[PDB]
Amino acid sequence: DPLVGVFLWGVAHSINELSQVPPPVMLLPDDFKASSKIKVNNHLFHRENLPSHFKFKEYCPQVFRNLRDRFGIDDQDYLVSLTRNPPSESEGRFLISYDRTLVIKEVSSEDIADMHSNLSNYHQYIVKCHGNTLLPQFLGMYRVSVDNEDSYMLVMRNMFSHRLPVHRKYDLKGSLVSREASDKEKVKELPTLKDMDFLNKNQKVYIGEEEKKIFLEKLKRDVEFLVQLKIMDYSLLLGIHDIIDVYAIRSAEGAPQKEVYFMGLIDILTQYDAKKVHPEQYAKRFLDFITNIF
């Protein structure tokens, strides 16, 4: 595909540019309004793999580089992960690094515009909690272009594992209205189940009091932050593996199952799928709901 080829070229190009720049000690207001653009135009050359006209734009290169650092990702390992072997495509557009450490989700221009408003607060928040959050870990944000058709790509750390594959998968909002996976959905090998499917299966999460106190104190301040930003309609992604992964929690010793849990916050924007009441209230309902999965 052209869009992926240009994307992988652009990542390689931008990481190389950044190796020349030394990392600042401190970000500045302008670093969050910054970009790097490249317009390439090969006439009667290179016919292989890339198109002859394309653009590539990295949003806030200094901020994303600092976020990669703060989430313990090295710029060379980031490049290796996205380019050394091609990413796989999952069901817009939604790709996983060969090594299954990273996720690349196509988004809309209006999504990029939303991301820009809160990137500064997000950065402050990340510094303040030392990269330790259930929120998505944003690693980079790009606009690849092919003949005046722009496509916005957004890279996040995978909330799921590089090794242990997910057997069951839930999107939990704690809605008053029925949240049920449709029949169309349940024909998939690993379908995205919802609130009602969770309650009907009588699913519980068994992790132990120490681990749970930590997880819920994390979720509380993550959610308080989302309220602060006047954001809502987020879900807890919950993946379960029946028998470095920053979102993973082992089953307690007492547990009725040898299980590993993967939990983090998501959105229509940040969902692990292709692109398709007051916020203080949404939070309280949401927290009640997900406090009762243990």
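Each residue number is its position in the shown sequence, starting from 1.
- Missing deposited residues between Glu91 and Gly92: 1 to 3, all without coordinates in the entry.
- Count the deposited residues lacking coordinates between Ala255 and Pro256 and you get none at all.
- Between 128-136 and 171-179, it is 171-179 that carries the larger average Cα temperature factor according to the deposited entry.
- Looking at 4-12 and 285-293 together, the entry lists the larger mean B-factor for 285-293, computed on C-alpha atoms.
- As recorded in the PDB entry, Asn49 shows the highest C-alpha B-factor of the residues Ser35, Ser235, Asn41, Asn49.
- The top Cα temperature factor in the record, among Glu224, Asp75, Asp114, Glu211, falls on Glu211.
- Sort the modelled residues of the chain by CA B factor and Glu106 lands in the lowest third.
- In the deposited entry, the Cα temperature factor of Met159 places it in the middle third of its chain's modelled residues.
- In the PDB entry, a CA B factor belonging to the lowest third of its chain's modelled residues is recorded for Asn121.
- Ranked within its chain, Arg100 lands in the middle third, by CA B factor from the PDB record.
- Among the modelled residues of its chain, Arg250 has a C-alpha B-factor that falls in the highest third according to the deposited record.
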